[PDB]
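The file work_6.cif contains mmCIF, C-alpha atoms:
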```
data_run
#
loop_
_atom_site.group_PDB
_atom_site.id
_atom_site.type_symbol
_atom_site.label_atom_id
_atom_site.label_comp_id
_atom_site.auth_asym_id
_atom_site.auth_seq_id
_atom_site.Cartn_x
_atom_site.Cartn_y
_atom_site.Cartn_z
ATOM 1 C CA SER A 22 1.289 -27.226 18.619
ATOM 2 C CA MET A 23 -0.445 -24.784 20.807
ATOM 3 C CA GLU A 24 2.365 -22.222 20.155
ATOM 4 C CA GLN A 25 1.747 -22.435 16.325
ATOM 5 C CA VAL A 26 -1.911 -21.789 16.931
ATOM 6 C CA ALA A 27 -1.188 -18.770 19.143
ATOM 7 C CA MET A 28 1.213 -17.390 16.463
ATOM 8 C CA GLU A 29 -1.524 -17.962 13.897
ATOM 9 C CA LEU A 30 -4.094 -16.078 15.985
ATOM 10 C CA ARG A 31 -1.568 -13.109 16.263
ATOM 11 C CA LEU A 32 -1.205 -13.161 12.422
ATOM 12 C CA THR A 33 -4.992 -13.199 12.031
ATOM 13 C CA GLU A 34 -5.362 -10.289 14.326
ATOM 14 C CA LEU A 35 -2.583 -8.314 12.529
ATOM 15 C CA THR A 36 -4.450 -9.095 9.269
ATOM 16 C CA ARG A 37 -7.624 -7.635 10.812
ATOM 17 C CA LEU A 38 -5.826 -4.454 11.806
ATOM 18 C CA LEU A 39 -4.060 -4.152 8.370
ATOM 19 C CA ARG A 40 -7.392 -4.574 6.586
ATOM 20 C CA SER A 41 -8.756 -1.590 8.485
ATOM 21 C CA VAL A 42 -5.488 0.371 7.713
ATOM 22 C CA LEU A 43 -5.798 -0.560 4.009
ATOM 23 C CA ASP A 44 -9.405 0.673 3.918
ATOM 24 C CA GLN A 45 -8.491 3.936 5.512
ATOM 25 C CA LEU A 46 -5.541 4.477 3.100
ATOM 26 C CA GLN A 47 -7.615 3.602 0.074
ATOM 27 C CA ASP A 48 -10.250 6.182 1.125
ATOM 28 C CA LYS A 49 -7.511 8.762 0.687
ATOM 29 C CA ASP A 50 -7.563 7.881 -3.071
ATOM 30 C CA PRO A 51 -11.064 8.807 -4.037
ATOM 31 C CA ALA A 52 -10.117 9.099 -7.726
ATOM 32 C CA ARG A 53 -9.141 5.348 -7.646
ATOM 33 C CA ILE A 54 -5.814 6.173 -9.303
ATOM 34 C CA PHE A 55 -4.054 3.496 -7.224
ATOM 35 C CA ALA A 56 -6.837 0.879 -7.124
ATOM 36 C CA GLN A 57 -5.512 -1.453 -9.785
ATOM 37 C CA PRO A 58 -2.206 -2.420 -11.491
ATOM 38 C CA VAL A 59 -0.929 -0.114 -14.188
ATOM 39 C CA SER A 60 -2.131 -1.840 -17.374
ATOM 40 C CA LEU A 61 0.738 -3.210 -19.545
ATOM 41 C CA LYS A 62 -1.659 -3.156 -22.503
ATOM 42 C CA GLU A 63 -2.118 0.606 -22.044
ATOM 43 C CA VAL A 64 1.424 1.423 -20.808
ATOM 44 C CA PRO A 65 3.534 -1.207 -22.623
ATOM 45 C CA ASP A 66 6.948 0.213 -21.552
ATOM 46 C CA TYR A 67 6.005 0.340 -17.848
ATOM 47 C CA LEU A 68 8.276 -2.442 -16.596
ATOM 48 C CA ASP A 69 11.239 -0.777 -18.314
ATOM 49 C CA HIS A 70 10.704 2.143 -15.849
ATOM 50 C CA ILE A 71 9.268 0.500 -12.734
ATOM 51 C CA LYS A 72 10.762 -2.746 -11.515
ATOM 52 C CA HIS A 73 8.351 -3.557 -8.687
ATOM 53 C CA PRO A 74 4.790 -2.365 -9.594
ATOM 54 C CA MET A 75 2.263 -2.122 -6.769
ATOM 55 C CA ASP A 76 -1.376 -1.149 -6.279
ATOM 56 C CA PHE A 77 -4.171 -1.521 -3.745
ATOM 57 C CA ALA A 78 -5.791 -4.620 -5.331
ATOM 58 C CA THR A 79 -2.441 -6.451 -5.304
ATOM 59 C CA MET A 80 -1.946 -5.471 -1.615
ATOM 60 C CA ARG A 81 -5.417 -6.703 -0.783
ATOM 61 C CA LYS A 82 -4.624 -10.112 -2.381
ATOM 62 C CA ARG A 83 -1.470 -10.392 -0.278
ATOM 63 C CA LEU A 84 -3.338 -9.289 2.831
ATOM 64 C CA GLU A 85 -6.169 -11.846 2.492
ATOM 65 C CA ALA A 86 -3.654 -14.650 2.097
ATOM 66 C CA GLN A 87 -2.159 -13.366 5.398
ATOM 67 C CA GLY A 88 0.984 -12.532 3.505
ATOM 68 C CA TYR A 89 2.028 -9.531 5.627
ATOM 69 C CA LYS A 90 4.062 -10.760 8.659
ATOM 70 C CA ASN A 91 4.463 -7.322 10.217
ATOM 71 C CA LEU A 92 3.481 -3.661 9.578
ATOM 72 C CA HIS A 93 6.940 -2.911 7.949
ATOM 73 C CA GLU A 94 6.165 -5.305 5.058
ATOM 74 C CA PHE A 95 2.723 -3.634 4.514
ATOM 75 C CA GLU A 96 4.279 -0.168 4.574
ATOM 76 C CA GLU A 97 6.897 -1.241 2.088
ATOM 77 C CA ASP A 98 4.121 -2.096 -0.413
ATOM 78 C CA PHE A 99 2.265 1.211 0.269
ATOM 79 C CA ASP A 100 5.431 3.221 -0.252
ATOM 80 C CA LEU A 101 5.972 1.382 -3.610
ATOM 81 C CA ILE A 102 2.586 2.610 -4.815
ATOM 82 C CA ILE A 103 3.547 6.213 -4.049
ATOM 83 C CA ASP A 104 7.208 6.094 -5.043
ATOM 84 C CA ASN A 105 6.576 4.267 -8.397
ATOM 85 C CA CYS A 106 4.024 6.966 -9.332
ATOM 86 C CA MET A 107 6.280 9.857 -8.366
ATOM 87 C CA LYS A 108 9.037 8.480 -10.656
ATOM 88 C CA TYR A 109 6.936 7.522 -13.715
ATOM 89 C CA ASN A 110 4.830 10.639 -13.733
ATOM 90 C CA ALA A 111 6.007 14.261 -13.783
ATOM 91 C CA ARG A 112 5.303 16.812 -11.069
ATOM 92 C CA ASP A 113 2.685 18.640 -13.101
ATOM 93 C CA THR A 114 0.378 15.621 -13.474
ATOM 94 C CA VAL A 115 -2.809 14.585 -11.690
ATOM 95 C CA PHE A 116 -1.106 11.194 -10.987
ATOM 96 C CA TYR A 117 1.955 12.700 -9.196
ATOM 97 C CA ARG A 118 -0.232 15.060 -7.255
ATOM 98 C CA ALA A 119 -2.582 12.206 -6.167
ATOM 99 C CA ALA A 120 0.432 10.330 -4.851
ATOM 100 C CA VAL A 121 1.661 13.288 -2.825
ATOM 101 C CA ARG A 122 -1.798 13.730 -1.259
ATOM 102 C CA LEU A 123 -2.026 9.975 -0.538
ATOM 103 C CA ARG A 124 1.389 10.013 1.125
ATOM 104 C CA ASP A 125 0.565 13.074 3.267
ATOM 105 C CA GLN A 126 -2.864 11.815 4.348
ATOM 106 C CA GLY A 127 -1.746 8.190 4.836
ATOM 107 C CA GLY A 128 1.084 9.246 7.201
ATOM 108 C CA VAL A 129 -1.449 10.031 9.933
ATOM 109 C CA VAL A 130 -3.152 6.596 9.612
ATOM 110 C CA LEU A 131 0.191 4.787 9.587
ATOM 111 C CA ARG A 132 1.532 6.673 12.606
ATOM 112 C CA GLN A 133 -1.353 5.396 14.782
ATOM 113 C CA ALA A 134 -1.229 1.928 13.240
ATOM 114 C CA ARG A 135 2.363 1.558 14.403
ATOM 115 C CA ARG A 136 1.398 2.554 17.943
ATOM 116 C CA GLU A 137 -1.487 -0.047 17.854
ATOM 117 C CA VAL A 138 0.727 -2.802 16.513
ATOM 118 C CA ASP A 139 3.330 -2.164 19.283
ATOM 119 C CA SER A 140 0.628 -1.611 21.939
ATOM 120 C CA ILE A 141 -1.471 -4.816 21.291
ATOM 121 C CA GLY A 142 1.795 -6.680 20.396
#
```
Just give me the structure as structure tokens.
Amino acid sequence: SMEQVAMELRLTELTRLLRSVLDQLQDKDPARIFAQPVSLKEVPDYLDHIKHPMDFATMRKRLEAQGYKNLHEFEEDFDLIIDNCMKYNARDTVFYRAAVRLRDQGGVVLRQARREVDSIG
């Protein structure tokens, strides 16, 4: 149908906007701490601690399959990256601190993204 096409175009355009959001958030991680999944070879107990691992490569896979229906779903995944790190790692670590900085800096990007998503529809 024509409606399904129009809905598909909307999803494509949201995907475009989320790609730009993802790039901007990932620039706020210049150490690449959050770039890839925590390695289960190197941290073999990880899934005993963290039940839903997340990272920027995994988000990018979901994004390019158009697997984010709305900004809320995308934000959920970003918050998992931060929140998983802040639980597994102690306050005095470069990993915890990177997550705090990513959260603080990403907030600005996400605040305008929400306005754009609502604005363009």
Given the choices A:43, A:22, A:136, A:50, which gets closest to residue 96 of chain A if the distance is worked out from all atoms listed in the file? A:43
Let me have the centre and edge lengths of the axis-aligned box enclosing all listed atoms of segment 115-126 of chain A with 6 Å padding on every side, in Å to one decimal, as AutoDock Vina command-line options.
```
--center_x -0.5 --center_y 12.5 --center_z -3.7 --size_x 16.8 --size_y 17.1 --size_z 28.0
```
Nearest residue to residue 139 of chain A from the set A:68, A:125, A:106, A:91 (distances using all atoms listed in the file):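 Closest to residue 139 of chain A, using all atoms listed in the file: A:91.
For the atom pair formed by atom CA of residue 141 of chain A and atom CA of residue 98 of chain A, the distance is 22.6 Å, given to one decimal.
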The PyMOL selection byres ((chain A and resi 87-89) around 10) resolved against shown file, as a ChimeraX atom specification: /A:29,32-37,39,80-86,90-96,98
Test item: residues at most 9 Å from residue 55 of chain A, all atoms listed in the file, excluding those fewer than 3 positions along its chain, as a VMD selection string: chain A and resid 47 50 52 58 to 59 75 to 78 102 to 103 119 to 120
Grab the atom CA of residue 108 of chain A to atom CA of residue 73 of chain A distance for me, in Å with one decimal place.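 For atom CA of residue 108 of chain A relative to atom CA of residue 73 of chain A, the distance reads 12.2 Å.
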Go through A:124, A:118, A:112, A:62 and flag the residue nearest residue 100 of chain A, using only C-alpha atoms for the distances.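 Looking only at the distances to residue 100 of chain A, the closest residue turns out to be A:124.
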Which residue, A:133, A:126, A:25, A:140, has the smallest gap to residue 46 of chain A when you use all atoms listed in the file?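 Looking only at the distances to residue 46 of chain A, the closest residue turns out to be A:126.
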Restricting the calculation to all atoms listed in the file, which member of A:42, A:30, A:74, A:48 is positioned closest to residue 60 of chain A?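 Result for the nearest residue to residue 60 of chain A: A:74.
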One decimal, in Å: what's the spacing between atom CA of residue 137 of chain A and atom CA of residue 41 of chain A?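 Going from atom CA of residue 137 of chain A over to atom CA of residue 41 of chain A, I get 12.0 Å.
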